[PDB]
Amino acid sequence: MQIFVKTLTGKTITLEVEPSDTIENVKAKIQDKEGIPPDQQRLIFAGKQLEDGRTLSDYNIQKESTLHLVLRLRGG
Amino acid sequence: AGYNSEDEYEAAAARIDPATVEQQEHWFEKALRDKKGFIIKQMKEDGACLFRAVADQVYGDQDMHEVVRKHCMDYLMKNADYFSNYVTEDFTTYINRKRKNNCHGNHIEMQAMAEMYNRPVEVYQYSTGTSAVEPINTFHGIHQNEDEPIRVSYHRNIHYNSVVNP
C-alpha cells in the first residue's frame with residue numbers, strides 16, 4: 001500500500017510499504033529515496049513517535065496515511 | 001522526560017578527544033576559507049548557541065540571542081497548526097520549555113527561523129570522509145529572500161557557530 005511522508009524539509013515522499021514493514025524498513029526506503037541517513041530520522045504519526053522495531057500495523061497505519069519526518073539537529 | 005527530542009539526548013552524551021577535534025577544526029576552517037571564503041565565528045557554548053549564531057547572522061552580535069529566541073517562539077506559536085504535527089509533545093508545553101534561555105535549539109526552530117526571517121538557513125558540517133563543505137541542509141520558506149542566507153555550522157553534533165562571509 002502507498003503511504004506518504006511529509007518532511008519538515010518540505011518534501012512529500014510516497015512509499016510502497018506493507019503492514020508488516022518495520023519503522024526500520026521505512027527509514028531505509030527514505031534513505032533510498034532522499035539520501036537521509038536513518039539514524040538522523042525521527043518518524044511521527046498523528047503526533048506519536050514511531051519506534052524502529054515496531055510494524056506499521058502496530059500503529060494502525062493504513063493506506064494513504066501521512067507520516068512526518070524531523071531531523072536530529074539539537075545543539076547547544 | 002517526554003521531550004520532543006528526547007531520543008537525541010543520550011546518543012549525544014555518549015559521543016563526547018580535544019586533540020582530534022582540534023585537528024578536524026583546522027581542516028574544516030581551512031576548506032571553508034579555501035573553497036567558499038567563509039570564516040568560522042565562535043559562539044558561546046551555553047544552551048543558547050543556535051540562537052547566538054542566528055543573532056550574529058541577523059543582528060551582528062550573539063548578544064541578541066534572547067530576541068531571536070523570543071521571535072522564533074512567537075512565530076512557532078502563530079504557526080502552530082503547521083508545526084505542531086512535527087512535535088510529539090503538547091505544543092504549548094514544548095514552546096514554554098523552548099522559550100527558556102538555556103534550552104537547546106533543534107530542527108523545528110531552524111525551520112521556523114528560515115521562514116520568519118525570509119532567509120534560508122544553511123547548515124555546514126565537517127566530514128572526515130570528504131573535504132567538501134556544501135551545506136548538509138538548507139532550510140527555507142516559500143518567499144523570495146532579499147537578504148543573504150543565514151549560515152551556521154554544527155560542531156561535534158552538539159554545538160552551533162556562526163559562518164561568516166567576510
Side-chain angles (χ1 to χ4, degrees), chain A residues 1-75, chain B residues 1-15 50 72-73 75-98 103-112 114-115 123 136-142 154 157-158:
Chain A
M1 75 206 176
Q2 309 268 273
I3 59 161
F4 306 103
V5 178
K6 193 41 179 47
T7 74
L8 194 55
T9 56
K11 275 185 171 50
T12 301
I13 295 162
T14 309
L15 303 173
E16 174 78 27
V17 298
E18 286 305 318
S20 49
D21 286 350
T22 65
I23 294 317
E24 173 177 295
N25 301 143
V26 179
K27 301 170 171 192
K29 284 177 218 285
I30 296 160
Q31 189 169 43
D32 291 346
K33 298 223 175 264
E34 280 315 308
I36 298 149
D39 66 349
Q40 221 180 331
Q41 301 179 34
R42 181 189 299 112
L43 295 175
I44 300 161
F45 179 57
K48 185 176 183 184
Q49 180 175 298
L50 304 187
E51 311 287 330
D52 291 348
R54 309 265 65 78
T55 63
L56 299 180
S57 55
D58 288 347
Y59 294 114
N60 206 29
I61 294 162
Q62 294 170 319
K63 65 191 166 63
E64 310 205 324
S65 304
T66 306
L67 277 42
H68 296 289
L69 168 75
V70 183
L71 300 170
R72 297 180 172 104
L73 291 164
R74 187 169 182 257
Chain B
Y3 293 157
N4 185 54
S5 67
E6 196 140 72
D7 69 28
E8 304 183 51
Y9 280 38
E10 54 276 13
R15 166 202 303 121
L50 175 66
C72 168
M73 304 313 146
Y75 181 83
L76 275 169
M77 288 299 285
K78 162 173 161 169
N79 292 90
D81 282 0
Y82 181 78
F83 286 96
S84 72
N85 296 311
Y86 297 85
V87 171
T88 62
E89 286 183 73
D90 174 72
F91 200 67
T92 304
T93 305
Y94 175 77
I95 294 289
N96 278 334
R97 305 175 38 227
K98 285 281 175 156
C103 183
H104 297 204
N106 209 337
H107 185 187
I108 287 155
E109 294 65 60
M110 271 178 289
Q111 181 53 41
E115 297 173 16
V123 181
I136 60 166
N137 296 103
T138 299
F139 308 125
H140 63 91
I142 61 177
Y154 188 34
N157 274 283
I158 52 135

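Chain naming here is simple, since letters A, B, ... match the order of the sequence lines and numbering starts at 1 in each. Note that these values count all heavy atoms, side chains included, but never hydrogens, waters or copies made by symmetry.
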query = Heavy-atom distance under 4.5 Å between the side chains of A:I36 and A:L69, does that happen here?
reply = yes
Expected output: side-chain B:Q111 to main-chain B:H140 donor-acceptor under 3.5 Å = yes
inquiry  = Main chain of A:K29, side chain of A:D32: is a donor-acceptor contact present, judged purely on distance under 3.5 Å?
reply    = no
key: B:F91 side, atom CZ; B:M77 side, atom CE - distance, nearest 0.5 Å   = 7.0 Å
ask   = Taking atom CE of B:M110 and atom CG of B:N137, what is their separation to the nearest 0.5 Å?
value = 7.5 Å
key: Test side-chain hydrogen bond (donor to acceptor under 3.5 Å, both in side chains) applied to B:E109 - qualifying residues, sequence neighbours left out   = B:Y94, B:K98
ask   = For the atom pair CG (B:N4) and CD1 (B:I95), what is the distance rounded to the nearest 0.5 Å?
value = 10.0 Å
B:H107: ring-ring contact (aromatic ring centres under 6.0 Å, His included) partners, not counting sequence neighbours = B:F139
inquiry  = Under the rule for ring-ring contact (aromatic ring centres under 6.0 Å, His included), what residues qualify as partners of B:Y3, not counting sequence neighbours?
reply    = B:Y9
task = Give the minimum heavy-atom separation between A:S20 and A:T55, together with the two atoms involved.
result = O-CG2, 3.5 Å
message = The criterion is salt bridge (charged side-chain N to carboxylate O under 4.0 Å, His left out); which residues satisfy it with B:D7, sequence neighbours excluded?
response = A:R42, A:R72
remark   = When rounded to the nearest 0.5 Å, the distance separating CG of A:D21 from CD1 of A:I3 is 8.5 Å
Please table the atom pairs, donor to acceptor, closer than 3.5 Å between any side-chain atom in residues 8-19 of chain A and protein atoms at least two apart or in another chain.
unit_1	atom_1	unit_2	atom_2	d
A:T9	OG1	A:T7	OG1	2.9
A:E16	OE1	A:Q2	NE2	2.6
A:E16	OE2	A:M1	N	3.1

query = Who pairs with B:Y154 by side-chain hydrogen bond (donor to acceptor under 3.5 Å, both in side chains), at least two apart in sequence or on another chain?
reply = none
ask   = Between B:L50 and B:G105, what is the shortest heavy-atom contact and its length?
value = CD2-CA, 3.8 Å
request  = Keeping to residues at least two apart or across chains, list the ring-ring contact (aromatic ring centres under 6.0 Å, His included) pairs with something in residues 48-72 of chain A.
outcome  = A:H68-B:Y86
ask   = Do A:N25 and A:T22 meet the criterion of a side-chain donor-acceptor pair at a distance under 3.5 Å?
value = yes
request  = Return each pair, listed once, that meets salt bridge (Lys or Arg N to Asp or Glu O under 4.0 Å) where at least one residue sits in residues 77-92 of chain B; pairs must be two or more places apart or across chains.
outcome  = B:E89-B:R97
Between side-chain atoms of residues 45-52 of chain A and protein atoms elsewhere (two or more places apart, or another chain), which donor-acceptor pairs fall under 3.5 Å?
unit_1	atom_1	unit_2	atom_2	d
A:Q49	NE2	A:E51	OE2	3.0
A:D52	OD1	A:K27	NZ	2.9

Contacts of type side-chain hydrogen bond (donor to acceptor under 3.5 Å, both in side chains), residue B:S5, not counting sequence neighbours = none
remark   = Distance col, row B:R15:CZ vs B:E10:CD, nearest 0.5 angstrom, shows 11.0 Å
key: Non-neighbouring partners of B:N106 that pass side-chain hydrogen bond (donor to acceptor under 3.5 Å, both in side chains), sequence neighbours left out   = B:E8
query = Got a second to check how far A:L43's CG is from A:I23's CD1, nearest 0.5 Å?
reply = 6.0 Å
